[PDB]
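J.: What follows is a structure written as structure tokens; I'll ask about it next.
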Amino acid sequence: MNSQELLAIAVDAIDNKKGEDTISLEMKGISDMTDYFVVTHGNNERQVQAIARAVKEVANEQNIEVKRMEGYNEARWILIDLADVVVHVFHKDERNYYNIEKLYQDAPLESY
Amino acid sequence: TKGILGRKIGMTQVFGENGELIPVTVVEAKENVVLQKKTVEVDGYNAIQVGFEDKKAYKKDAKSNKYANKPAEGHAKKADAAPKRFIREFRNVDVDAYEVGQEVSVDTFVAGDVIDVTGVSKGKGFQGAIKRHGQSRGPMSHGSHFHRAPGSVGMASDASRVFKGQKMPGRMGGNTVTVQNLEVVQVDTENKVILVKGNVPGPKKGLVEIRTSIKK
Amino acid sequence: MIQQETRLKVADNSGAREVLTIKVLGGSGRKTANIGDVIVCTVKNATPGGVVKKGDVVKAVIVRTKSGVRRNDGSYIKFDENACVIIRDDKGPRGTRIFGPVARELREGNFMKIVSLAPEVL
Amino acid sequence: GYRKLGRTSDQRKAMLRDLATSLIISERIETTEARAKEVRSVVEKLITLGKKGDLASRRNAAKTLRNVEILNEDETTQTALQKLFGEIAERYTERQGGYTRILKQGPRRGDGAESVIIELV
Amino acid sequence: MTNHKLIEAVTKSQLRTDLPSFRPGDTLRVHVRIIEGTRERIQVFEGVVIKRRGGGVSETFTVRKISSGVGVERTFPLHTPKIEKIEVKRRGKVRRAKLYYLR
Amino acid sequence: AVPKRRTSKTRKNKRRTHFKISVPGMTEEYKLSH
RNA sequence: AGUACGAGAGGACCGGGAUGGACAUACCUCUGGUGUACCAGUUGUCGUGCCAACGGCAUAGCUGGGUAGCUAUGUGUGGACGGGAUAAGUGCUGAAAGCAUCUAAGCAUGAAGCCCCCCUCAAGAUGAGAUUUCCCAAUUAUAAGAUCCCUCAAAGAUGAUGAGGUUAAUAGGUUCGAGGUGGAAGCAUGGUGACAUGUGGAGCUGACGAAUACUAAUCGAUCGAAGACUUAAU
RNA sequence: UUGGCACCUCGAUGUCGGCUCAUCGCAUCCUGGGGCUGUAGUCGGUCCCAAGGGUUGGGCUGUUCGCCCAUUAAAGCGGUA
Ligand SMILES: [K+]
Ligand SMILES: [Mg+2]
Ligand SMILES: [Mg+2]
Ligand SMILES: [Mg+2]
Ligand SMILES: [Mg+2]
Ligand SMILES: [Mg+2]
Ligand SMILES: [Mg+2]
């Protein structure tokens, strides 16, 4: 198994579930904790459970385990992690508050 | 089941497969022999009487326990042995097996089994009431004369006696304790050693008693 | 270790700088807390201009200690000060940007949002 | 070892240094049992420096042996330090340790204390 | 440790003869392998040697570093399999054998 | 902390059963001067 | 396991673990605390008309560290499940009075509670038990067998328990190792100098380990059994 | 519990809280069984069986008690000069 052969599938169920600015970052020459990140955001409190409840299955297709869904019920910022891919499900505006992309502005990024 | 006797030697550690540390004691177990198989028709219980360490033979001006005596010597050679120092009976073990005069090898213990250990404690002399039973000590400033002492003992002119199961000073130490459900790590055969995960009672050079667990 | 009437510090961009511990969230008469532990605090010193003023009770999380943690591989890690980070109802941080390292034990502690943001994990 | 003898450190370190010296001069003394099971050791570690005889041992054969006692044997004068490396060392050049010998006399009158002799061999 | 030699014999095939030498105050690097999944990477720790005790399998040391203002320390066993290698790259002079004046 | 009664003549003497002394050894008279 | 059930959302039964808080017990391999006969550093003043290499007292003269040993804030187990029945409460045949009905002749059911299962002490249990082997007379000596007495701790207020007594490795010492300190003295190069380098991971080392009869466990004394009687079977 | 009576004790029965220790009782605060209902589900409410074990740290005034922030499966009422 390998990561780069597993991120075109990672952008899959989040454009299926109609994610927006669904970009992806890498951390090869950055960090030693996780390879690549994926990012998104969503509008409605209803709309934020289905984006990531899907990812539960899609990790069971390759049969990699999931360990936590933080703020899932609260439905504000949610994080399913895999040590190679991460699904940061955001809100319409909290994306701007934390502003992920510019902390790691020095990130080779790719749009999808 | 199965049971072997031996001496506690020391304590060290080993590295597992995942580099994890596992702490271990080191049990030596040589020269065990069976000396009397039992019966229900005679005693009322089946068992296996076993003896562990060798000693010397009868002597005329004999003034130790190194050199054996005649009643002992008349019990070793019966089952074709030498005089044995320590003796114990094991009662929870199958008796159709274990013929007489043989030896008992550590090899009957695999690595990864489960056991329970039984031995003596260490000696503390005449000790108080808060090292022993472990209970609160009193103030040391603000004008106080109660520091390390057992406060009260009774109530009043009702129940003017003092009940029996009461906590006072005295002696704690060489009592019989057991430990349940430890693990077998590794089993040498030449040096005749068995290793156990965890620490077990007694002092060094003491005596240890090993047996299979009964629980699930 | 972190117990009642203990003064940690703060390592986030949320105004509160120093705090005072007054509880630990176990419950059977618990009397300490190490890394990975949700607690209750107040503030005793802030910065002018921010989002968490002085006199506000809040819950908070450890990230560093003088006493370390006993890794199962037979390894130990002890820092040279203490530190804390302030959180919210949604199990996530008040501010945004983390300062100073943290400890890897926070990955299996559902604090992945904070390793998601911090310079040096170690 | 490890005996205190009802005498605190600063006192015991000076009582065991007088015993080691006055013994050597007369080779035979009369003490209680306990003390002579402790100069059983201090003085046996003190000939083992006298067989070397080097310049360094004389420097550690003075940090326990006692101040220069101007002896007077037959028409002479010595020091307890130019008697220990010249004379005892030469008698005892071919044995191993064990050159002391304890001997039990009776008790005393006043305090009821076992009395023993100690000499060299 | 020749007591009766039964403990320093069993614990013989858990040693390793791969590791260079080092006294206190001798900078060196430490290539751990860290397992957080099906397979994971290395993540060096670098620093300066302050402590070393013991003998046998239970022989330890520790190293100090500063990292973005804060100090940190990690102490390791010498014979564990995690530690791929050790790389001593500098050497010094001191008069102590436990170093704590570094805080 | 103070005696409430008198001690009889018996209880005084039932108590001194063990309040005696002992004998030396006997080597041929010669002392056991090991 | 979103299945029984729930108007759907919600939600068990089932039964699987994973990780914990308080509490109770053994231990010292790790992390750490002490360590007053161990190792370096360092000020003041007395002792050698001084060189400082040494000692004494000044909280152990102060400071940095620390072996054996006892310790927790450290290191590992434990709580039981499982069964025998019993409260309320669920029932079935079944009479009462046809039918009825859980109690009346009957009879399954079912609570962390109760006795049994797990750990510890126990035959002065005068109801004083059960095996195994060893010892056997001319009041009377003495046998198996123990105690006095001397060397010591894995034990210990004192008694007692335990290891060993010259066919002997018990404690000490001597010769080798470990762990700890952190590079002696003394000569030799370099610096005007106080200093730093090299000969040399040096030298010293209390309590832990081994080997070795050089010292002493000498000498010698004292207690100590000789199977009753019927009434049966032999 | 506030009391009534004045039977022992005045040639001495010599003291309200809190600290240290513990011990019994249920008319049960939590856990454990169940019945009942408007308990659809949850959440309860009500009465029934049950004492094996369990039952928190701190601020103000003397504080016995009282009020208040903060946690907890729960933060029990009475006896024993
Ligand atoms: K208080
Ligand atoms: Mg006073
Ligand atoms: Mg005598
Ligand atoms: Mg003076
Ligand atoms: Mg009244
Ligand atoms: Mg009244
Ligand atoms: Mg009247």
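Letters for chains follow the order of the structure tokens (A, B, ...), residue numbers begin at 1 for each chain, and ligand numbers begin at 1 in the order shown.
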Given a cut-off of 10 Å, what residues near ligand 6 show up using only C-alpha atoms (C1' of nucleotides) and all ligand atoms, put as a list in words?
T.: residues 1, 2, 3 and 4 of chain H
J.: Just N, CA and C atoms (P, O5', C5', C4', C3', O3' and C1' of nucleotides) for this one: save the residues we selected as a PDB file, in the first residue's frame.
T.:
```pdb
ATOM      1  P     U H   1     -32.864  14.098  71.903  1.00  0.00           P
ATOM      2  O5'   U H   1     -33.713  15.361  71.445  1.00  0.00           O
ATOM      3  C5'   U H   1     -33.306  16.116  70.319  1.00  0.00           C
ATOM      4  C4'   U H   1     -34.154  17.338  70.105  1.00  0.00           C
ATOM      5  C3'   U H   1     -34.466  18.184  71.322  1.00  0.00           C
ATOM      6  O3'   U H   1     -33.406  19.050  71.699  1.00  0.00           O
ATOM      7  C1'   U H   1     -36.424  17.856  70.054  1.00  0.00           C
ATOM      8  P     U H   2     -33.344  19.648  73.195  1.00  0.00           P
ATOM      9  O5'   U H   2     -34.625  20.596  73.298  1.00  0.00           O
ATOM     10  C5'   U H   2     -34.537  21.997  73.074  1.00  0.00           C
ATOM     11  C4'   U H   2     -35.786  22.715  73.508  1.00  0.00           C
ATOM     12  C3'   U H   2     -36.091  22.709  74.991  1.00  0.00           C
ATOM     13  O3'   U H   2     -35.321  23.615  75.758  1.00  0.00           O
ATOM     14  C1'   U H   2     -38.044  22.176  73.814  1.00  0.00           C
ATOM     15  P     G H   3     -35.149  23.338  77.331  1.00  0.00           P
ATOM     16  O5'   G H   3     -36.648  23.286  77.864  1.00  0.00           O
ATOM     17  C5'   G H   3     -37.014  22.448  78.943  1.00  0.00           C
ATOM     18  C4'   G H   3     -38.467  22.076  78.887  1.00  0.00           C
ATOM     19  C3'   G H   3     -39.081  21.517  80.154  1.00  0.00           C
ATOM     20  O3'   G H   3     -39.399  22.488  81.136  1.00  0.00           O
ATOM     21  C1'   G H   3     -39.689  20.159  78.352  1.00  0.00           C
ATOM     22  P     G H   4     -39.049  22.211  82.683  1.00  0.00           P
ATOM     23  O5'   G H   4     -40.075  21.082  83.131  1.00  0.00           O
ATOM     24  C5'   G H   4     -41.431  21.416  83.333  1.00  0.00           C
ATOM     25  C4'   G H   4     -42.295  20.230  83.674  1.00  0.00           C
ATOM     26  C3'   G H   4     -41.991  19.505  84.971  1.00  0.00           C
ATOM     27  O3'   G H   4     -42.540  20.121  86.125  1.00  0.00           O
ATOM     28  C1'   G H   4     -42.191  17.940  83.242  1.00  0.00           C
TER      29        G H   4
END
```
J.: Write as a VMD selection string the residues around ligand 2, taking 12 Å as the cut-off and counting only C-alpha atoms (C1' of nucleotides) and all ligand atoms.
T.: chain B and resid 141 to 145
J.: Write to file, as an mmCIF file, in the first residue's frame, the residues of the selection just made, with N, CA, C and O atoms.
T.:
```cif
data_model
loop_
_atom_site.group_PDB
_atom_site.id
_atom_site.type_symbol
_atom_site.label_atom_id
_atom_site.label_comp_id
_atom_site.auth_asym_id
_atom_site.auth_seq_id
_atom_site.Cartn_x
_atom_site.Cartn_y
_atom_site.Cartn_z
ATOM 1 N N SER B 141 2.596 20.789 64.148
ATOM 2 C CA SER B 141 2.697 22.129 64.681
ATOM 3 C C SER B 141 1.317 22.517 65.176
ATOM 4 O O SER B 141 0.433 21.671 65.336
ATOM 5 N N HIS B 142 1.145 23.804 65.432
ATOM 6 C CA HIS B 142 -0.079 24.330 66.022
ATOM 7 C C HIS B 142 -0.346 23.691 67.382
ATOM 8 O O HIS B 142 -1.478 23.330 67.704
ATOM 9 N N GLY B 143 0.708 23.554 68.188
ATOM 10 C CA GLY B 143 0.585 23.022 69.533
ATOM 11 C C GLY B 143 -0.057 21.659 69.649
ATOM 12 O O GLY B 143 -1.182 21.549 70.142
ATOM 13 N N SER B 144 0.642 20.614 69.214
ATOM 14 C CA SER B 144 0.087 19.274 69.168
ATOM 15 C C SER B 144 1.084 18.286 69.728
ATOM 16 O O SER B 144 2.291 18.421 69.519
ATOM 17 N N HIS B 145 0.552 17.291 70.431
ATOM 18 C CA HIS B 145 1.324 16.216 71.024
ATOM 19 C C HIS B 145 0.964 14.851 70.455
ATOM 20 O O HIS B 145 1.356 13.834 71.032
#
```
J.: Near stretch 100-115 of chain G, counting only C-alpha atoms (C1' of nucleotides), which residues have an atom at most 7 Å away, once you skip same-chain residues fewer than 2 positions from it, shown as a list in words?
T.: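 Counting only the stated atoms, we get residues 91 of chain G; 32, 33, 50 and 52 of chain H.
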J.: How would you report the residues lying within 7 Å of ligand 3, as a PDB file with N, CA and C atoms, in the first residue's frame, if you count only C-alpha atoms (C1' of nucleotides) and all ligand atoms?
T.:
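The resulting file, result-v7.pdb, is reproduced below:
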```pdb
ATOM      1  N   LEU F  32      35.355 -22.251  80.214  1.00  0.00           N
ATOM      2  CA  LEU F  32      35.097 -22.289  78.768  1.00  0.00           C
ATOM      3  C   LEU F  32      35.603 -20.996  78.128  1.00  0.00           C
ATOM      4  N   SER F  33      36.926 -20.907  78.034  1.00  0.00           N
ATOM      5  CA  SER F  33      37.605 -19.715  77.528  1.00  0.00           C
ATOM      6  C   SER F  33      37.995 -19.912  76.064  1.00  0.00           C
ATOM      7  N   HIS F  34      36.976 -20.031  75.212  1.00  0.00           N
ATOM      8  CA  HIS F  34      37.200 -20.252  73.785  1.00  0.00           C
ATOM      9  C   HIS F  34      38.040 -19.151  73.136  1.00  0.00           C
TER      10      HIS F  34
END
```
J.: Which polymer residues have any atom within 10 Å of an atom of stretch 12-21 of chain E, counting only C-alpha atoms (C1' of nucleotides), with same-chain residues fewer than 3 positions away left out, as a PyMOL selection string?
T.: (chain B and resi 14-16) or (chain E and resi 7-9+26+56-57+78-81+83-88)
J.: Would you output that residue set with N, CA and C atoms, as a compact mmCIF listing (two decimals), in the first residue's frame?
T.:
```
# COMPACT_ATOMS: atom_id res chain seq x y z
N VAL B 14 14.06 -7.97 30.01
CA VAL B 14 14.31 -8.40 28.64
C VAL B 14 13.49 -7.53 27.68
N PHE B 15 13.90 -7.55 26.42
CA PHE B 15 13.25 -6.81 25.36
C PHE B 15 12.40 -7.77 24.54
N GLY B 16 11.17 -7.39 24.31
CA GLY B 16 10.26 -8.20 23.54
C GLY B 16 10.54 -8.12 22.06
N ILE E 7 22.42 -15.08 35.76
CA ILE E 7 21.62 -13.98 35.23
C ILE E 7 22.32 -13.28 34.07
N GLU E 8 23.64 -13.11 34.15
CA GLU E 8 24.42 -12.55 33.06
C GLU E 8 24.74 -13.55 31.95
N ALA E 9 24.12 -14.73 31.96
CA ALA E 9 24.21 -15.70 30.87
C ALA E 9 22.93 -15.77 30.07
N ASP E 26 29.38 14.78 24.78
CA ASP E 26 29.84 14.31 23.48
C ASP E 26 28.60 14.25 22.60
N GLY E 56 24.86 -3.94 32.04
CA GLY E 56 23.92 -4.94 31.61
C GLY E 56 22.95 -4.40 30.59
N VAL E 57 21.89 -5.17 30.39
CA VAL E 57 20.78 -4.74 29.55
C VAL E 57 20.14 -3.47 30.07
N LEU E 78 20.17 1.21 26.00
CA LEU E 78 21.21 1.09 25.01
C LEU E 78 21.02 -0.08 24.06
N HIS E 79 20.30 -1.11 24.47
CA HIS E 79 20.26 -2.37 23.75
C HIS E 79 18.89 -2.64 23.14
N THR E 80 17.99 -1.67 23.18
CA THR E 80 16.68 -1.85 22.60
C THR E 80 16.78 -1.91 21.07
N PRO E 81 15.81 -2.55 20.39
CA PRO E 81 15.89 -2.64 18.93
C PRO E 81 15.38 -1.43 18.17
N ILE E 83 16.26 1.72 18.39
CA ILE E 83 17.37 2.56 18.00
C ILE E 83 18.23 1.89 16.94
N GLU E 84 17.98 2.26 15.68
CA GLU E 84 18.80 1.82 14.56
C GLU E 84 20.28 2.03 14.83
N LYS E 85 20.71 3.29 15.00
CA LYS E 85 22.13 3.57 15.17
C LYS E 85 22.35 4.83 15.99
N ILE E 86 23.61 5.01 16.37
CA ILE E 86 24.09 6.16 17.12
C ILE E 86 25.30 6.71 16.39
N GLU E 87 25.43 8.03 16.37
CA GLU E 87 26.38 8.72 15.50
C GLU E 87 27.05 9.81 16.33
N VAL E 88 28.19 9.47 16.93
CA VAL E 88 28.97 10.45 17.68
C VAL E 88 29.79 11.27 16.69
```
J.: Kindly provide, as a VMD selection string, all nucleotide and amino acid residues lying within 10 Å of ligand 1, counting only C-alpha atoms (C1' of nucleotides) and all ligand atoms.
T.: chain H and resid 57 to 59
J.: Please determine the contact residues of chain B with respect to chain H at a cut-off of 10 Å, counting only C-alpha atoms (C1' of nucleotides), and supply them as a list in words.
T.: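 Result, ordered by chain then number: residues 135, 136, 137, 138, 139, 146, 147, 148, 149, 150, 151, 152, 153, 154, 155, 156, 157, 158, 159, 163, 166 and 167 of chain B.
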J.: With the cut-off set at 6 Å and counting only C-alpha atoms (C1' of nucleotides), tabulate each residue of chain G with an atom at most that distance from an atom of chain B, showing the nearest atom pair and its distance in Å to one decimal, ordered by chain and increasing number, as a tab-separated table.
T.:
```
residue	atom	partner	partner_atom	distance
G:26	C1'	B:201	CA	5.7
G:27	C1'	B:199	CA	5.7
G:29	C1'	B:12	CA	4.4
G:76	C1'	B:198	CA	5.0
G:133	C1'	B:71	CA	5.0
G:134	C1'	B:71	CA	4.4
```
J.: Restrict the selected residues to C-alpha atoms (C1' of nucleotides) and save them as a PDB file, in the first residue's frame.
T.:
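Result file follows (result_6.pdb):
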```pdb
ATOM      1  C1'   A G  26       4.005  -8.251  47.307  1.00  0.00           C
ATOM      2  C1'   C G  27       8.720  -6.326  45.345  1.00  0.00           C
ATOM      3  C1'   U G  29      14.908  -4.379  37.150  1.00  0.00           C
ATOM      4  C1'   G G  76       3.524  -5.846  38.460  1.00  0.00           C
ATOM      5  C1'   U G 133      11.145 -43.895  58.253  1.00  0.00           C
ATOM      6  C1'   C G 134      14.772 -44.461  62.475  1.00  0.00           C
TER       7        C G 134
END
```
J.: Interatomic distance between atom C1' of residue G:16 and atom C1' of residue G:82?
T.: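 Taking atom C1' of residue G:16 and atom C1' of residue G:82, their separation equals 19.0 Å.
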J.: Restrict the calculation to only C-alpha atoms (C1' of nucleotides) and all ligand atoms, then for each residue of chain H with any atom at most 10 Å from an atom of ligand 7 give the closest atom pair and their distance in Å to one decimal, rows by chain and rising residue number, as CSV.
T.:
```
residue,atom,partner,partner_atom_place_in_ligand_line,distance
H:5,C1',ligand 7,1 (Mg),9.4
H:6,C1',ligand 7,1 (Mg),7.7
H:7,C1',ligand 7,1 (Mg),9.2
```
